[PDB]
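As structure tokens, the structure follows; a few thoughts come after it.
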Amino acid sequence: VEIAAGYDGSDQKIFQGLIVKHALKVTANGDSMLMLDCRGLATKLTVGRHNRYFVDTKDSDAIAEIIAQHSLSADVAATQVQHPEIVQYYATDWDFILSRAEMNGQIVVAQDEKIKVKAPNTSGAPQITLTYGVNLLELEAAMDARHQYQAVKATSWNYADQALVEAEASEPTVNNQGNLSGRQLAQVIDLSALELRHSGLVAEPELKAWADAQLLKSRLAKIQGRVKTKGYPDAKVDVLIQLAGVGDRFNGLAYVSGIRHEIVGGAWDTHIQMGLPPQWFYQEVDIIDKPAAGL
Amino acid sequence: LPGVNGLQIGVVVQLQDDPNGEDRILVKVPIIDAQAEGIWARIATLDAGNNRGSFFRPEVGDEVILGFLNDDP
Amino acid sequence: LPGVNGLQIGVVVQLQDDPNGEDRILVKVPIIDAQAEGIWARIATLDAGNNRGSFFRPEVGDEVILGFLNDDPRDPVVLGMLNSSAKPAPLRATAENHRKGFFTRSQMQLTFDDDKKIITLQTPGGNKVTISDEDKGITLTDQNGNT
Amino acid sequence: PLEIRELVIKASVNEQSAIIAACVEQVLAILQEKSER
Amino acid sequence: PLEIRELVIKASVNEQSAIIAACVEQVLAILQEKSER
Amino acid sequence: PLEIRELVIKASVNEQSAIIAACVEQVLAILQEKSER
Amino acid sequence: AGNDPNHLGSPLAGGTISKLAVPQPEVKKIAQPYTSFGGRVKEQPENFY
Amino acid sequence: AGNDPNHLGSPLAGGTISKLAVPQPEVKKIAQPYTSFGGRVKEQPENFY
């Protein structure tokens with residue numbers, strides 16, 4: 001299935017995927033309809049459990065190989081940490097990829113028979129300006145001080161030295177929005193530092209990447225929001241926009257995370273989501289089996 | 001990383017030539033992959049110390065029992 | 001109580017003076033607190049009974065592996081000692097794997113050799129007892145030259 | 001809502017759409033808040 | 001709904017029953033879909 | 001409801017408040033009952 | 001399989017190949033003690049002229 | 001990398017450096033037995049005058 005849309009007969013490709021579900025419905029007053037549910041091609045990655053070894057490779061190589069085995073194009077930015085071993089234990093390809101991507105501070109974008117893994121694009125130029133009182137139909141925005149931290153530390157045990165090893169996170173560089181910094185909000189609760197611990201042999205560079213990912217996770221979720229406007233053909237994710245007309249504390253450059261297009265009865269409007277959620281991927285889904293295999 | 005429950009069965013592949021001088025053994029797990037050679041594991045013993053301990057080492061093909069630190073594969 | 005997953009690493013602090021006569025050892029866990037002295041743990045061994053068993057005890061500073069009963073942090077159990085590059089093993093591993101035995105702190109040895117079929121007991125002073133199939137007999141050697 | 005996947009899908013073409021939206025933000029707020037200590 | 005335990009129980013006898021049913025299929029669809037990868 | 005945290009918060013000051021409350025007890029009863037054996 | 005056009009311009013160093021694409025437990029070791037021989041690249045316009 | 005202007009005003013004590021920024025398992029130990037030499041701070045207005 002391929003879907004395109006536009007104004008005045010000049011259409012642009014929006015969606016490409018497969019039909020998965022096929023349903024019928026007749027309601028109380030006699031109306032009857034047929035409903036179709038289409039998903040992208042990346043759904044091929046979420047239908048089984050596999051086991052694999054990798055020796056003396058990087059995360060980017062394992063991810064590229066797992067993607068290529070499904071006849072999809074891969075575009076994976078390289079990592080610098082080389083691992084003596086990586087193990088995929090009785091889990092789905094999608095879950096393994098997302099876990100390893102998040103632990104390196106990267107995001108996954110899937111579309112048009114292509115999968116891209118890379119760091120968030122917060123260094124560009126704005127695409128449009130959305131002003132309250134000029135362009136907007138609906139608006140929501142929010143801050144929450146409890147998700148901000150001052151510092152992050154990670155600790156592990158080194159048996160070659162018989163001692164503990166520790167790494168600290170660095171302050172990330174992000175886009176400018178509002179006149180309150182994450183460090184100022186971090187002093188409401190005033191926790192000295194967040195601390196992560198692991199009893200196995202985790203080396204220096206891996207602990208460093210882990211702590212850096214945690215700080216970036218926390219800073220990218222400072223302000224979250226949603227905007228509704230009229231039909232916008234050139235909408236794209238992973239870009240910057242400029243938000244204005246909402247006061248000193250919310251004006252500035254915002255990062256786009258998602259898009260919805262709705263065409264109902266001839267009307268067309270779009271919704272733009274800004275910001276990322278603060279929770280880790282593994283905290284929201286159940287990606288481990290049950291004891292005794294459930295028998 | 002996705003974790004592991006309980007204890008597992010392992011099979012010995014190689015005794016010598018540890019890339020690091022840590023006295024580890026190469027073991028594979030048949031329910032993950034019976035074709036690969038596996039990874040290097042540590043040995044818990046009856047007595048161990050600085051140039052001290054009981055030194056018994058299995059042979060290639062012997063069956064062993066495996067645990068995991070912090071449930072990490 | 002909030003529980004614990006998997007196995008952990010412990011470090012020995014004290015061997016004697018168990019408040020109760022239960023033969024436990026004081027161990028601390030470095031990822032919980034490396035400054036406190038820890039708690040008393042039980043030892044699982046090769047053989048144990050009423051005035052029976054193998055009696056080997058670690059020394060202060062040795063690294064051990066810990067399990068927990070019912071995943072309760074308050075019930076640790078010692079499952080054996082570990083070697084490392086900072087605490088080397090008494091022998092180097094080979095592909096032929098001919099030598100086995102017990103080695104102690106003072107370098108006294110009780111060893112077996114499966115290549116030549118030899119059993120030997122040695123003391124660092126030079127006193128030696130050898131049962132040998134290559135020599136087809138028994139030999140007692142003293143550090144003074146008595147043979 | 002602050003998310004795009006929490007928006008209600010519109011399936012009709014001939015005409016109370018602003019009451020099926022207010023009765024959905026209320027349930028999600030009663031249900032999320034139920035998970036914090 | 002495709003289930004019988006997801007149907008709304010009717011407790012009144014004297015007479016808007018078709019709006020408390022449409023506002024229940026919408027919430028369950030917003031909530032189920034939130035669990036797939 | 002038997003709880004105080006399951007009550008709907010009221011945000012308006014100028015005037016259908018008894019339909020956003022009946023459509024909330026129905027969902028919570030359909031959802032709780034779904035967890036018993 | 002879609003490689004660099006300049007691969008064939010220099011020999012393969014000894015010790016590069018040691019692995020099987022689909023590994024098997026019956027084989028214990030693979031060795032490449034010497035370099036490769038006999039490659040040649042596809043013509044570019046200047047050499048053509 | 002944006003440090004104190006008064007760092008270069010005193011020598012580095014012996015035994016301070018023992019770690020690698022990106023550690024490697026082939027190296028087992030690093031040692032600094034003596035102090036540092038040859039530093040000088042940037043001028044302040046009074047010495048300028």
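We name chains A, B, ... following the order of the structure tokens; residues begin at 1 in each chain, and ligands are numbered from 1 as shown.
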
Can you write out as a Markdown table which residues of chain B fall within 10 Å of chain G, alongside each residue's closest atom pair and its distance in Å to one decimal, counting only C-alpha atoms and ordering rows by chain and ascending residue number?
```
| residue | atom | partner | partner_atom | distance |
| --- | --- | --- | --- | --- |
| B:13 | CA | G:25 | CA | 9.9 |
| B:34 | CA | G:25 | CA | 8.0 |
| B:35 | CA | G:25 | CA | 5.2 |
| B:36 | CA | G:25 | CA | 6.5 |
| B:37 | CA | G:25 | CA | 7.2 |
```

Could you turn the residues from that selection into a file that holds N, CA and C atoms, as a short mmCIF file (atom, residue, chain, number, x, y, z; two decimals), in the first residue's frame?
```cif
data_model
loop_
_atom_site.label_atom_id
_atom_site.label_comp_id
_atom_site.auth_asym_id
_atom_site.auth_seq_id
_atom_site.Cartn_x
_atom_site.Cartn_y
_atom_site.Cartn_z
N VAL B 13 35.46 -26.09 25.45
CA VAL B 13 36.01 -26.06 24.10
C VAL B 13 37.52 -25.94 24.10
N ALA B 34 24.98 -24.13 19.21
CA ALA B 34 25.84 -25.29 19.29
C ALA B 34 26.92 -25.31 18.22
N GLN B 35 26.96 -24.31 17.34
CA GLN B 35 27.94 -24.24 16.27
C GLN B 35 29.10 -23.30 16.57
N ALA B 36 28.87 -22.25 17.36
CA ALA B 36 29.93 -21.31 17.69
C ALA B 36 30.81 -21.86 18.81
N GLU B 37 31.98 -21.23 18.98
CA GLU B 37 32.92 -21.70 19.98
C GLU B 37 32.67 -21.13 21.37
#
```

How close does each residue of chain A get to chain C, giving the shortest atom pair and distance in Å to one decimal for every residue with an atom at most 12 Å away, counting only C-alpha atoms, sorted by chain and residue number, as a Markdown table?
```
| residue | atom | partner | partner_atom | distance |
| --- | --- | --- | --- | --- |
| A:154 | CA | C:31 | CA | 11.0 |
| A:155 | CA | C:31 | CA | 8.0 |
| A:156 | CA | C:31 | CA | 7.4 |
| A:157 | CA | C:31 | CA | 7.7 |
| A:158 | CA | C:84 | CA | 10.5 |
| A:159 | CA | C:84 | CA | 6.9 |
| A:160 | CA | C:85 | CA | 5.7 |
| A:161 | CA | C:86 | CA | 6.8 |
| A:162 | CA | C:86 | CA | 7.5 |
| A:163 | CA | C:30 | CA | 8.5 |
| A:164 | CA | C:30 | CA | 7.6 |
| A:165 | CA | C:31 | CA | 10.5 |
| A:166 | CA | C:31 | CA | 11.4 |
| A:195 | CA | C:31 | CA | 11.2 |
| A:196 | CA | C:31 | CA | 10.1 |
| A:197 | CA | C:31 | CA | 7.0 |
| A:198 | CA | C:31 | CA | 7.6 |
| A:199 | CA | C:8 | CA | 6.6 |
| A:200 | CA | C:8 | CA | 8.5 |
| A:201 | CA | C:9 | CA | 11.1 |
```

Original post:
Using only C-alpha atoms, which chain E residues lie at most 9 Å away from chain A, written as a PyMOL selection string?
Top reply: chain E and resi 18+35-37

Just-selected residues, N, CA and C atoms written as a compact mmCIF listing (two decimals), in the first residue's frame:
```txt
# COMPACT_ATOMS: atom_id res chain seq x y z
N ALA E 18 -25.90 5.20 23.46
CA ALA E 18 -25.00 4.99 22.34
C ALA E 18 -23.85 5.99 22.31
N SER E 35 0.76 -0.72 23.64
CA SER E 35 1.55 -1.81 24.19
C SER E 35 2.32 -2.57 23.13
N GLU E 36 2.25 -2.16 21.87
CA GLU E 36 2.92 -2.85 20.79
C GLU E 36 4.18 -2.09 20.38
N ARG E 37 5.19 -2.83 19.94
CA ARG E 37 6.46 -2.24 19.56
C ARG E 37 6.41 -1.76 18.12
```

Subject >> Polymer residues at most 9 Å from residue E:23, only C-alpha atoms, same-chain spacing of 2 or more positions, as an MDAnalysis selection string >> reply: (chainID D and resid 19:21 23:24) or (chainID E and resid 18:21 25:27) or (chainID F and resid 23)

**OP:** Just the helix (DSSP H, G or I) stuff from stretch 24-264 of chain A, please, per backbone DSSP, written as a VMD selection string.
**Re:** chain A and resid 41 to 45 59 to 68 93 to 102 145 to 147 182 to 185 204 to 219

Using N, CA and C atoms, can you write the selected residues to a file as a compact mmCIF listing (two decimals), in the first residue's frame?
```txt
# COMPACT_ATOMS: atom_id res chain seq x y z
N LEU A 41 7.37 -1.83 6.85
CA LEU A 41 8.05 -3.09 6.62
C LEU A 41 8.87 -3.54 7.81
N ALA A 42 9.22 -2.62 8.71
CA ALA A 42 10.00 -2.98 9.88
C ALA A 42 9.26 -3.92 10.82
N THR A 43 7.95 -4.11 10.63
CA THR A 43 7.23 -5.09 11.43
C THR A 43 7.74 -6.50 11.21
N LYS A 44 8.51 -6.74 10.15
CA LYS A 44 9.09 -8.06 9.97
C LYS A 44 10.09 -8.40 11.06
N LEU A 45 10.55 -7.40 11.80
CA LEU A 45 11.57 -7.59 12.82
C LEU A 45 11.02 -7.98 14.18
N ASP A 59 28.82 -2.14 18.25
CA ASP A 59 27.36 -2.18 18.18
C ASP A 59 26.86 -1.87 16.77
N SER A 60 27.53 -0.95 16.08
CA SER A 60 27.08 -0.60 14.74
C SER A 60 27.16 -1.79 13.79
N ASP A 61 28.17 -2.64 13.95
CA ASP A 61 28.30 -3.78 13.05
C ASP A 61 27.23 -4.83 13.31
N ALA A 62 26.95 -5.11 14.59
CA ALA A 62 25.88 -6.05 14.91
C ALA A 62 24.54 -5.55 14.41
N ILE A 63 24.28 -4.25 14.56
CA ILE A 63 23.00 -3.70 14.13
C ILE A 63 22.88 -3.75 12.62
N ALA A 64 23.94 -3.39 11.90
CA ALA A 64 23.89 -3.43 10.45
C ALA A 64 23.66 -4.85 9.94
N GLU A 65 24.30 -5.83 10.58
CA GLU A 65 24.15 -7.21 10.13
C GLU A 65 22.74 -7.73 10.38
N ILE A 66 22.19 -7.45 11.56
CA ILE A 66 20.84 -7.92 11.87
C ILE A 66 19.83 -7.29 10.92
N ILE A 67 20.01 -6.01 10.58
CA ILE A 67 19.10 -5.37 9.64
C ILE A 67 19.22 -6.00 8.26
N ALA A 68 20.45 -6.16 7.78
CA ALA A 68 20.65 -6.63 6.41
C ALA A 68 20.11 -8.03 6.20
N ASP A 93 14.55 -9.27 17.40
CA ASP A 93 15.53 -8.40 16.76
C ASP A 93 15.27 -6.94 17.08
N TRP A 94 14.00 -6.53 17.04
CA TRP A 94 13.66 -5.14 17.32
C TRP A 94 14.11 -4.72 18.71
N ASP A 95 13.89 -5.58 19.70
CA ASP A 95 14.23 -5.24 21.07
C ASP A 95 15.74 -5.15 21.27
N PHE A 96 16.48 -6.09 20.70
CA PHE A 96 17.93 -6.05 20.80
C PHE A 96 18.48 -4.77 20.18
N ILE A 97 17.97 -4.40 19.00
CA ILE A 97 18.46 -3.21 18.32
C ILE A 97 18.17 -1.96 19.14
N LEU A 98 16.95 -1.85 19.66
CA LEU A 98 16.59 -0.64 20.41
C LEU A 98 17.38 -0.53 21.71
N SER A 99 17.60 -1.65 22.40
CA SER A 99 18.39 -1.60 23.62
C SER A 99 19.81 -1.13 23.34
N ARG A 100 20.45 -1.72 22.34
CA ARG A 100 21.83 -1.35 22.05
C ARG A 100 21.93 0.07 21.50
N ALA A 101 20.89 0.54 20.81
CA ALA A 101 20.93 1.90 20.29
C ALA A 101 20.80 2.92 21.41
N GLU A 102 19.86 2.70 22.33
CA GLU A 102 19.66 3.66 23.42
C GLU A 102 20.87 3.73 24.33
N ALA A 145 10.07 19.51 36.80
CA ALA A 145 11.39 19.67 37.38
C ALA A 145 11.98 18.37 37.90
N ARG A 146 11.16 17.33 38.11
CA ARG A 146 11.65 16.13 38.76
C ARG A 146 12.50 15.24 37.86
N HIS A 147 12.58 15.53 36.57
CA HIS A 147 13.34 14.69 35.65
C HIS A 147 14.73 15.22 35.36
N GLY A 182 18.37 23.42 32.46
CA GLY A 182 18.16 22.17 33.16
C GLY A 182 18.85 22.14 34.51
N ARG A 183 19.99 22.82 34.62
CA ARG A 183 20.71 22.83 35.89
C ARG A 183 19.97 23.63 36.95
N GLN A 184 19.25 24.68 36.55
CA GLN A 184 18.47 25.44 37.52
C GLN A 184 17.28 24.64 38.01
N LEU A 185 16.62 23.91 37.12
CA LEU A 185 15.51 23.06 37.53
C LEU A 185 15.98 21.89 38.37
N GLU A 204 35.78 1.14 31.13
CA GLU A 204 35.70 2.60 31.19
C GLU A 204 34.85 3.25 30.09
N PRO A 205 35.14 2.94 28.81
CA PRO A 205 34.35 3.59 27.76
C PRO A 205 32.88 3.22 27.77
N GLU A 206 32.54 2.00 28.20
CA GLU A 206 31.13 1.63 28.24
C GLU A 206 30.40 2.36 29.36
N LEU A 207 31.03 2.46 30.53
CA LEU A 207 30.43 3.23 31.61
C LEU A 207 30.27 4.69 31.22
N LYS A 208 31.24 5.23 30.48
CA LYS A 208 31.16 6.62 30.05
C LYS A 208 29.98 6.84 29.10
N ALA A 209 29.82 5.95 28.12
CA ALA A 209 28.70 6.07 27.19
C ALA A 209 27.37 5.95 27.91
N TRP A 210 27.30 5.06 28.91
CA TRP A 210 26.07 4.88 29.67
C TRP A 210 25.68 6.15 30.41
N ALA A 211 26.64 6.76 31.10
CA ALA A 211 26.35 7.98 31.84
C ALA A 211 26.00 9.13 30.91
N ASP A 212 26.68 9.23 29.77
CA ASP A 212 26.37 10.29 28.82
C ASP A 212 24.97 10.14 28.26
N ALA A 213 24.56 8.91 27.96
CA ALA A 213 23.22 8.68 27.44
C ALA A 213 22.16 9.08 28.46
N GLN A 214 22.42 8.83 29.74
CA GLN A 214 21.45 9.20 30.77
C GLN A 214 21.28 10.71 30.86
N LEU A 215 22.39 11.46 30.85
CA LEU A 215 22.27 12.92 30.89
C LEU A 215 21.56 13.46 29.65
N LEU A 216 21.87 12.91 28.48
CA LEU A 216 21.21 13.39 27.27
C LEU A 216 19.72 13.07 27.30
N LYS A 217 19.37 11.88 27.77
CA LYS A 217 17.97 11.51 27.97
C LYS A 217 17.26 12.54 28.81
N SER A 218 17.90 12.98 29.89
CA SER A 218 17.26 13.90 30.83
C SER A 218 17.13 15.30 30.25
N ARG A 219 18.13 15.76 29.50
CA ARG A 219 18.09 17.13 28.99
C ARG A 219 17.14 17.28 27.81
```

**OP:** Could you please determine the separation between atom CA of residue A:236 and atom CA of residue A:259 in Å, to one decimal place?
**Re:** 7.4 Å

**OP:** Please identify all polymer residues within 12 Å of residue D:15, counting only C-alpha atoms, omitting same-chain residues fewer than 5 positions from it, and present them as a list in words.
**Re:**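 Skipping anything fewer than 5 positions along the chain leaves residues 264 and 265 of chain A; 10 of chain D.
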
**OP:** Hey, list the chain A side of the contact with chain B: 10 Å cut-off, only C-alpha atoms, answer as number ranges by chain.
**Re:** A: 50-55, 84-92, 95-96, 99-100, 103, 159-160, 198-201, 282, 287-293

Subject >> Between atom CA of residue C:95 and atom CA of residue B:59 - distance in Å to one decimal >> reply: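 Atom CA of residue B:59 sits 9.2 Å away from atom CA of residue C:95.
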
**OP:** Quick one: pull the distance between atom CA of residue C:144 and atom CA of residue C:101, Å, one decimal.
**Re:** 26.2 Å

Subject >> Distance criterion (only C-alpha atoms): nearest to residue C:4 out of C:19, C:126, C:90, C:67 >> reply: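 Looking only at the distances to residue C:4, the closest residue turns out to be C:67.
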